[PDB]
Amino acid sequence: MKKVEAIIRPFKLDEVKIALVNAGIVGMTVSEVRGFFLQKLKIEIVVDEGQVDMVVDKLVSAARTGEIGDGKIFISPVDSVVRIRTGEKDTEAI
Amino acid sequence: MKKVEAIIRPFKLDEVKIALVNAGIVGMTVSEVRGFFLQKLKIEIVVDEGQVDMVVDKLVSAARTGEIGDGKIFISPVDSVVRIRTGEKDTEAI
Amino acid sequence: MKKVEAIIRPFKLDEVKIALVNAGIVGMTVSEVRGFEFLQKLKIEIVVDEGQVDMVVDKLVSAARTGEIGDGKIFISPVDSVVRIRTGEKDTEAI
Ligand SMILES: [Ca+2]
Ligand SMILES: [Ca+2]
């Protein structure tokens, strides 16, 4: 599992959401941030190793405009994910 | 050392806070996020490996309602925690 | 490549921004958070190279500290890669 954090332009949320849905990603977290100011949107998703490259490419395509200030995507390790409702703990290790 | 971040229903803040305090956890960071939507709160804490299971369990018990949309908890590696007031840096191998 | 997350007193933003600028740090994301009772804080996120971490943390602490309880925390974690959205360039850093 990897955490994918995309800092995008606010108006790119919808096409990014569509790109994620069509990519099989269920669930994402969004928050407002200031990118140094310019208002930006932080999107957080945690996906399996196999779909990381695919998601990033979909995210880049959807969030891209071509001009300066398009943002960045950060990829970081996540050991486990726990579903609160059931207490189900999923751990992925190399 | 692990970063434990929980995305919970906003009305679960107080009970999660209580659970965390009773569990010996001192200090948490709370941010407002939108979970795709519904308003959610992101709770961040950092703890030693030997506390993770216990902390996650208290977190699940406190944040759950049994209804779909209870949220999730992500466990990830943290290299260091620095206390700004004292400048003390606490580092652990990942 | 490390993620540096600093939770600081809101009024320390400008000092921290200045510290990071003359430290060669370009780009940071800032958000409002509550540090627990509740106290308004600012979350500053930056991703720097391994060789910059120690220096950046030192500058951050010097900038954000007051000496009073509640000055905040800085969490340092691993980042596998950084992808520039515009060009699609994936940057990885290792040793
Ligand atoms: Ca749009
Ligand atoms: Ca409650």
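Every number for a ligand or one of its atoms is a count from 1 in the order of the listing. These values consider heavy atoms only, across backbone and side chains, with no hydrogens, waters or symmetry-generated copies. Quick note on labels: first sequence line is chain A, next is B, and so on, each numbered from 1.
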What pair of heavy atoms forms the shortest contact from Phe11(A) to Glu15(A), and how long is it?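 Answer, listing the atom of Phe11(A) first, then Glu15(A): O-OE2, 3.0 Å.
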Heavy atoms only: give me the nearest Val61(C)-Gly87(B) pair and the separation to one decimal.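 So the two residues come closest at CG1-CA, 3.9 Å.
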Restricting to side chain to side chain donor-acceptor pair (under 3.5 Å), what partner residues turn up for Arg9(C), sequence neighbours left out?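 If we apply the side chain to side chain donor-acceptor pair (under 3.5 Å) test to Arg9(C), skipping adjacent residues, the hits are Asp71(C).
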Is a side-chain donor or acceptor of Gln40(C) paired with a backbone partner of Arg34(C) at a separation under 3.5 angstrom?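 Side chain of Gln40(C) to backbone of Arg34(C), a donor-acceptor pair under 3.5 Å: no, none is there.
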Just list the side-chain donor-acceptor pairs under 3.5 Å for residues 25-35 of chain B, sequence neighbours left out, or say none.
none

Do any pairs count as a salt bridge (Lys or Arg N to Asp or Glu O under 4.0 Å) and have a residue in residues 83-94 of chain A, sequence neighbours left out, and if so which ones? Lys89(A)-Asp53(B)
Could you tally the protein N/O/S atoms lying less than 3.0 Å away from the Ca ion (ligand 2)? 3
